[PDB]
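Trainee: Return atomic coordinates for the entry below.
(chains A, B, C, D, E, F, G, H and I, ligands or ions: 36)
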Amino acid sequence: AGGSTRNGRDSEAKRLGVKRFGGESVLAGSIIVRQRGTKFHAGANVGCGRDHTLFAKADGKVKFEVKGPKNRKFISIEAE
Amino acid sequence: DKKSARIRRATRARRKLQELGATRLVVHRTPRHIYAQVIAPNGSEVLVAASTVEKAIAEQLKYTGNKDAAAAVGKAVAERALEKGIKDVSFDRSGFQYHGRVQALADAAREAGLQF
Amino acid sequence: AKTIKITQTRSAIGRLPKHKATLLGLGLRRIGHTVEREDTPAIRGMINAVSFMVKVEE
Amino acid sequence: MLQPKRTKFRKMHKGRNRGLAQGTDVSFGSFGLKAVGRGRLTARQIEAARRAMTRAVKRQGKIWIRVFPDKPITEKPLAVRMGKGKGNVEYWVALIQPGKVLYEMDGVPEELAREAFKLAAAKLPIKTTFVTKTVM
Amino acid sequence: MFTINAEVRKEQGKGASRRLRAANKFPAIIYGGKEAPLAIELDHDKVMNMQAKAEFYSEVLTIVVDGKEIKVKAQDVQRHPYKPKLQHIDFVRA
RNA sequence: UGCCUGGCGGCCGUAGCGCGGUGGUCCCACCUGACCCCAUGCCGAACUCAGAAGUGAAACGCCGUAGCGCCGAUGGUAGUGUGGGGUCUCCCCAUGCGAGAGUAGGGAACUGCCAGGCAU
RNA sequence: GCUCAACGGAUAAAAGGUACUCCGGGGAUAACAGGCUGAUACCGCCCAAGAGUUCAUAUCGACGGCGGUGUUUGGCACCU
RNA sequence: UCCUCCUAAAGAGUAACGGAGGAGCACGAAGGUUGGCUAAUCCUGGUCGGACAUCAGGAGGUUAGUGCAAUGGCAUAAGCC
RNA sequence: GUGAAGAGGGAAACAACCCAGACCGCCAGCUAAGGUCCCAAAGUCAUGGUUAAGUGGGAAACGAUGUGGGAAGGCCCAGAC
Ligand SMILES: [Mg+2]
Ligand SMILES: [Mg+2]
Ligand SMILES: [Mg+2]
Ligand SMILES: [Mg+2]
Ligand SMILES: [Mg+2]
Ligand SMILES: [Mg+2]
Ligand SMILES: [Mg+2]
Ligand SMILES: [Mg+2]
Ligand SMILES: [Mg+2]
Ligand SMILES: [Mg+2]
Ligand SMILES: [Mg+2]
Ligand SMILES: [Mg+2]
Ligand SMILES: [Mg+2]
Ligand SMILES: [Mg+2]
Ligand SMILES: [Mg+2]
Ligand SMILES: [Mg+2]
Ligand SMILES: [Mg+2]
Ligand SMILES: [Mg+2]
Ligand SMILES: [Mg+2]
Ligand SMILES: [Mg+2]
Ligand SMILES: [Mg+2]
Ligand SMILES: [Mg+2]
Ligand SMILES: [Mg+2]
Ligand SMILES: [Mg+2]
Ligand SMILES: [Mg+2]
Ligand SMILES: [Mg+2]
Ligand SMILES: [Mg+2]
Ligand SMILES: [Mg+2]
Ligand SMILES: [Mg+2]
Ligand SMILES: [Mg+2]
Ligand SMILES: [Mg+2]
Ligand SMILES: [Mg+2]
Ligand SMILES: [Mg+2]
Ligand SMILES: [Mg+2]
Ligand SMILES: [Mg+2]
Ligand SMILES: [Mg+2]
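Mentor: Numbers count the residues shown, from 1 in each chain, chains lettered A, B, ... in the order given. Ligands and ions are numbered 1, 2, ... in the order given. Next comes the structure:
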């Protein structure tokens, strides 16, 4: 008999990711992306939350696009 | 250098008005002249413009780069904007201090009828 | 009207759920079941998916 | 015995050893000992084959060793049950794919390199072959 | 001088290239210049003998396809990883 | 309509660096001065103001240039979904998808609105 | 206002012994033995640096490598 | 008990007495806003002054920084006055 | 995915492998995997090769003028071995 450990821990999965994909009609206020940083960025009619959560300010379809000189990923709600 | 730092100093409010959809008045300031232009919310085309490089404005003046020139410019651009029916804009200082010729321009445009 | 005969030639016991749904979409029920379906790309795609266990007769 | 001086981490998963190799061509020297089989070597097997060819050339010529054992291998002690943590690091291996050039050599004739690489290959578990520098 | 006889590949891809190397052949491609790239197939043992010389990889070679000689050069060759065989050769039009 | 320049964009390196050359009517830049508006945890350096003697030195812009950066096929290779097989720690066959790296090559950006100057 | 931290918190409030022991149950779970396996062990073999006056292979055989048996120490916990 | 990464098989999730690290706070400014600014390191020169204080220039271009672990972010700075 | 909760045919026998999903009955027929000399249903089928080891019908490093096939080479009727 003998042994021990120091590596038993881990935390809970925060269920991040993209909740609504492109071309997917949403209501205003619908959470699109949960994320830590700004892996994505807020485009038109899209707000950024306290925790960098991307939510829709309006209704319509999701448009993923790459803009800017840094080729950053912007999320916009197209009108519909 | 100085040009780049002025742009860095301006590109926050420019992107903010870009997402606000704001019709925006752009001031540009030189030691000799001062420029103004009213830009559509797409940022790709203008509506009205005024300067101290124009003869119709510059010939009534002593020096093109003083506050009296800047007020005459903000008055002219306001009278052109109201001629075209543009009334509510948002003033982009373009990285300058709201002071001096810039302040005298915006105060002239407010007085002539623009709303910001 | 560009219609073809499809005949199930193998069993569907240990097969995938997706292949069982494909055979249901074709309307095949048992082995040797010859069915008559139109010729669309969607039909040809299901036949592509289960080509090992059907036999298409044009 | 080759061994990394520092490692970012002390232990490593067992992994797999599938795929073909990359160090295929004889880069530096003229003659090469190419692996044909698959498996893992060690620092002892490497150092024994180095000794066998250094002695077979009488320290004449130059020998490159293309591989390096960077994978730690753990073992549990005798009479220890299967739980209670990962075993202790015992030795270091290099994963060998087919096509990997293991050694290179020049400054010697071809036949001497053949007999040297044969004396080295007798210490190695995997099946090898002899290769030369190909133009292009 | 090396004269190589070739044939235009009737079909391409991974399954075909494996199947040629089964039938003692190997593909190659002629490219360069304004002319379109040409997907050929070679006999393996002839070219494997011819390539043992550095003359092969230095001189200008004549490839006969459809009775049409093409003076090329050996740009790059993919070899078998542990067998003395050839996978594929790039030929640049001289 | 042509050329040049300034401003705002589009696009985000085939758009960037480097090297060489070149520009001052206007514009721009440096530049002159500062009692004042305003400013310096000291300093008119910057910010700002009043200006216009000088210079395009720097900066900027333009032109050129393949030392790079960048882009980049074709074919093949790797992988792999399904089905099947073997000598089954790993591979093969049919079929479908099909890289990365590398090669040839491309490549010294393109474009919109307004305004001004000189020519026409 | 609780290190109720045994952190969805049994109570405001709680440690041990039993070879004097007992009941309900379990091969869901251990000791013996069997089984699987064969790390270890044992028995072979490969290369041959060297020792053997010279001479690798009379006898040994370093560094390292491949197997066999099921025979030890063990692993698992499939039978009871 | 809670957090971070891997295992985790390119959505989410996913176990072991699996591999590695932390938390049980702090801040009345270390918050808000307006305005402005932009690092690490090295090189040269320079009083005490030295590998290393402060000062001036240059390279570099975030290799720094983030109240604390790690990851993801951060120049429009979320970094610094 | 199967078993569990699923019989049948095959793998000698062999829950979990291969084929295939049993309403009942029939002294009817076609097939799957797997097979066709006899036990034991069906080819002592055909054509062309290989093996001499009962390999098939258990196993490695390594060793060897076993044998079949292919491509090339260097000596050779100026006489090779
Ligand atoms: Mg395939
Ligand atoms: Mg220059
Ligand atoms: Mg000044
Ligand atoms: Mg100059
Ligand atoms: Mg391709
Ligand atoms: Mg590619
Ligand atoms: Mg460029
Ligand atoms: Mg240039
Ligand atoms: Mg409790
Ligand atoms: Mg609990
Ligand atoms: Mg007693
Ligand atoms: Mg009892
Ligand atoms: Mg049991
Ligand atoms: Mg015992
Ligand atoms: Mg036991
Ligand atoms: Mg055994
Ligand atoms: Mg052992
Ligand atoms: Mg002797
Ligand atoms: Mg011996
Ligand atoms: Mg030994
Ligand atoms: Mg026993
Ligand atoms: Mg035992
Ligand atoms: Mg169990
Ligand atoms: Mg028993
Ligand atoms: Mg996931
Ligand atoms: Mg997944
Ligand atoms: Mg802060
Ligand atoms: Mg700010
Ligand atoms: Mg110093
Ligand atoms: Mg059954
Ligand atoms: Mg059965
Ligand atoms: Mg059996
Ligand atoms: Mg039976
Ligand atoms: Mg059959
Ligand atoms: Mg019979
Ligand atoms: Mg016969």
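Trainee: tell me, what residue is most central in chain E?
Mentor: Geometric centre of chain E, nearest residue: residue E:28, 3.9 Å, by C-alpha atoms, centre = their mean.
Trainee: Is that residue within a helix or a strand, and which one?
Mentor: strand E:25-31 (DSSP states H and E).
Trainee: Any idea how many residues pack against residue 1?
Mentor: Picking chain A for this. Counted with other C-beta atoms under 10 Å in any protein chain shown, residues neighbouring residue A:1 total 4. Every C-beta, even on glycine, is put in place using the N, C-alpha and C of the backbone.
Trainee: Sorry, I should have been clearer: chain C.
Mentor: Per other C-beta under 10 Å, the neighbour tally for residue C:1 reads 4.
Trainee: quick revisit: specify the beta-bridge partners of the residue nearest to the centre of chain E.
Mentor: Beta-bridge pairing for residue E:28 (DSSP bridges): residue E:40, residue E:89.
Trainee: list the contacts for it?
Mentor: E:6, E:39-42, E:88-91 (C-beta atoms under 8 Å, 6 or more residues apart in numbering or on different chains).
Trainee: And it, how close does it get to chain A?
Mentor: Residue E:28 sits 38 Å away from chain A, taking C-beta to the nearest C-beta, to the nearest Å as the criterion.
Trainee: what's near enough to touch the closest residue to residue D:96 other than its chain neighbours?
Mentor: Leaving aside its sequence neighbours, residue D:96 sits nearest to residue D:35 (C-beta to C-beta, 6 or more residues apart in numbering or on different chains; 5.0 Å). Residues near residue D:35 by C-beta under 8 Å, 6+ apart: D:21, D:96-102, D:126-128, E:82.
Trainee: one more time with 10 Å, if that's ok
Mentor: By C-beta atoms under 10 Å, 6 or more residues apart in numbering or on different chains, the contact list for residue D:35 reads D:21, D:23-24, D:41, D:67, D:96-103, D:121, D:124, D:126-129, E:81-82.
Trainee: show me which of those residues neighbour RNA strand I.
Mentor: D:121, D:127 (C-beta under 7 Å from any atom of the strand).
Trainee: Which positions are bridged to the spatially most central residue of chain A in the beta structure?
Mentor: Nearest to the mean C-alpha position of chain A, by C-alpha atoms, centre = their mean, lies residue A:33 at 2.0 Å. In this structure, residue A:33 bridges to residue A:18, residue A:54 when assessed by DSSP bridges.
Trainee: on that earlier part again, so the strand holding residue E:28, near RNA strand I or not?
Mentor: No. Using C-beta under 7 Å from any atom of the strand, we find that strand E:25-31 stays clear of RNA strand I, coming within 12.9 Å at best.
Trainee: Show me the contact partners of stretch D:85-94.
Mentor: For stretch D:85-94, the surrounding residues in contact (C-beta under 10 Å, 6+ apart) are A:3-7, D:1-4, D:7, D:10-13, D:17, D:39-46, D:66-77, D:80, D:100, D:102.
Trainee: Am I right that residue D:83 is in contact with residue A:4?
Mentor: No. The pair residue D:83 / residue A:4 is not scored as a contact, 11.2 Å apart, by C-beta atoms under 10 Å.
Trainee: Could you list which of the contacts of residue D:35 belong to strands?
Mentor: D:41, D:96, D:101-103, D:128-129 (DSSP state E).
Trainee: Quick one: buried ones out of the contacts of residue E:28?
Mentor: E:6, E:39-42, E:89-91 (16 or more other C-beta atoms under 10 Å in any protein chain shown).
Trainee: out of those, which one sits closest to chain A?
Mentor: residue E:90 (33.1 Å; C-beta to the nearest C-beta).
Trainee: Spit out the contact partners of that closest one.
Mentor: E:28-32, E:37, E:72-78.
Trainee: ranking the residues you listed by neighbours, who comes first?
Mentor: Scoring the contacts of residue E:90 on neighbours with other C-beta under 10 Å, the highest-scoring entry is residue E:28 at 25 neighbours.
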